[PDB]
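**Student:** Chains as they are written, first to last, in our numbering: chain A, 13 to 56; chain B, 347 to 395.
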Amino acid sequence: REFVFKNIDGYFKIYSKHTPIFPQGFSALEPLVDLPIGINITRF
Amino acid sequence: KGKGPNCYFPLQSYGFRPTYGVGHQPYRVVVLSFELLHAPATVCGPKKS
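1) Against chain B, which members of the stretch 16 to 27 of chain A pass a CB distance test of less than 9 Å?
2) Output yes if chain B places a C-beta closer than 9 Å to the C-beta of residue 48/A; else output no.
3) May I ask you to report which of helix, strand or coil DSSP gives residue 369/B?
4) Would you list the residues sitting across from residue 46/A in a DSSP beta bridge?
5) Which residues of chain A have a Cβ atom closer than 7 Å to the Cβ of residue 388/B, listed in chain order?
6) When every heavy atom of the ligand ZN is checked, does at least one fall within less than 8 Å of the C-beta of residue 385/B?
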């Protein structure tokens, strides 16, 4: 389970993709959720 | 310290009755307040297709 979190222009976008079995493959993460909240995110 | 001289209850009841005049009938008022803060506009009007 891979996840990518980024905040730009007030939109909070996430990306994820599920695959069986770490560096022995290549897979691009597809967009799943995009929510405009515009809050300032600095720590997680 | 209680009800008496110079101490009156600030809240008063209407008591709506169907036999009242047009000026005393109950009127439900809804005020729409729009915000234009620095944020993505999540609210928009309908779009015809």
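The beta-carbon is built from N, C-alpha and C at its ideal position, and this holds for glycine as well.
**Tutor:** To lay it out plainly:
1) Hits within the stretch, in order: 21, 22, 23.
2) Within the first sequence, residue 48/A is the residue found at index 36, counting from 1. Answer yes: the Cβ-Cβ gap between residue 48/A and chain B drops below 9 Å somewhere.
3) Sequence index remark: in the second sequence, residue 369/B carries index 23 (1-based). Correct three-state label for residue 369/B: helix.
4) Counting from 1 along the first sequence, the entry for residue 46/A is found at position 34. Note: residue 46/A sits in a beta bridge opposite 25/A.
5) Taking the second sequence and counting its residues from 1, one reaches residue 388/B at position 42. By Cβ distance, chain A contributes 48.
6) Among the ligands in the structure shown, none appear at all, so the ligand ZN cannot be discussed.
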